[PDB]
Structure formats: structure tokens, C-alpha cells
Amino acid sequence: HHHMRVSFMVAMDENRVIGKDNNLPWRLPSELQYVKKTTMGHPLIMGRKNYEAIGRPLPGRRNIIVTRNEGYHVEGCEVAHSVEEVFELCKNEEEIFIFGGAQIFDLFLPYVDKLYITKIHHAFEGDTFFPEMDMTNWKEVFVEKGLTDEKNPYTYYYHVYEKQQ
């Protein structure tokens, strides 16, 4: 019924860890560069907790915050309270990026068309996970090794998957 591409944008470790103590368990500025370039010009859909840890709108993109709080407001951002309200806000968009965290990934899981996953080859301590997905009917359409150096101290790969049917 919705006409936008619904894409997930996530970085996770060997055990699907995405967070520890309401923050990111790793610092990978080069991974952040990839995220910025990939998502630029497209709406970012984020759970309230994800957004609040950021604390400011990310420039050049529609920032849409998902919350059950019907009195929630933040300047420079739009607020939605359900999947359908996100779909109404983004009805004429080409592609939107579900940007996390875990509760918001779970929420949009039935609707994902395309997956941009950074896979980090380390096992971090963590408490928040990317949902399991059955990847049948999914095709890897891109893979490349991430930049590992003094500023980016882990091995990681960018993967992109597209849903077939």
C-alpha cells in the first residue's frame, strides 16, 4: 500500500549486538561517513531513545522520531506515533531509512525491502540486538570491506541485501 522503499540501516557485530548501555559499543568514524553518504537526502526514521542519544537533527535529511508519547515535540524534527503515520508522512518519498534502535527495527521488520548492514567482526558486550531475519528471498547486491586503521580499530564489511519476493 505504501510506495516508498523501506530500507534498514544498521551496524551490528558477530552476535547482532547494536548497543550497550543506550549507546554504540564501538567508534568507527569511517563507518559514520558511509552512513552519512548513503542516507543523505532521505528521511531517517528513529526510535525516541535512538534520537535522544543523538540529541540534535542530522542535517540534510528529514528526521522522523517514533514515540507513543502524543505530546512529544522536538524542533527541527517530525514526530510519528505508528508505522502508518510514518507511511503517511513519507507517502511521496522514494526511499526511507529505518535507523534504529532495536524496538524501531522490530516495528518496521514486516515492511523492509532493502537492508544496509555493516557487519563488524568482533564480539562486543551488549544488551541491544538487531532482530533475526530469514534471508531467503534476499539477494546480496553489494559487499565491500570497510576501512580498518588507527581511527577505525575493527574489521568490518558493508553489505547490502534486496528482497526478491
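Numbering starts at 1 and runs along the sequence shown.
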Give the stretch, out of 24-32 and 55-63, with the larger mean C-alpha temperature factor in the deposited entry.
-> 55-63
Which has higher Cα B-factors on average according to the PDB entry: 88-96 or 69-77?
-> 69-77
If you check the C-alpha B-factor for each of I117, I120, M133, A102 in the entry, which is highest?
-> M133
With respect to C-alpha B-factor, does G47 fall in the lowest, middle or highest third of the chain as deposited?
-> lowest
Using the B-factor values recorded in the entry, state whether the Cα atom of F124 falls in the lowest, middle or highest third among the modelled residues of its chain.
-> lowest
Chain-relative CA temperature factor third for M4 | highest
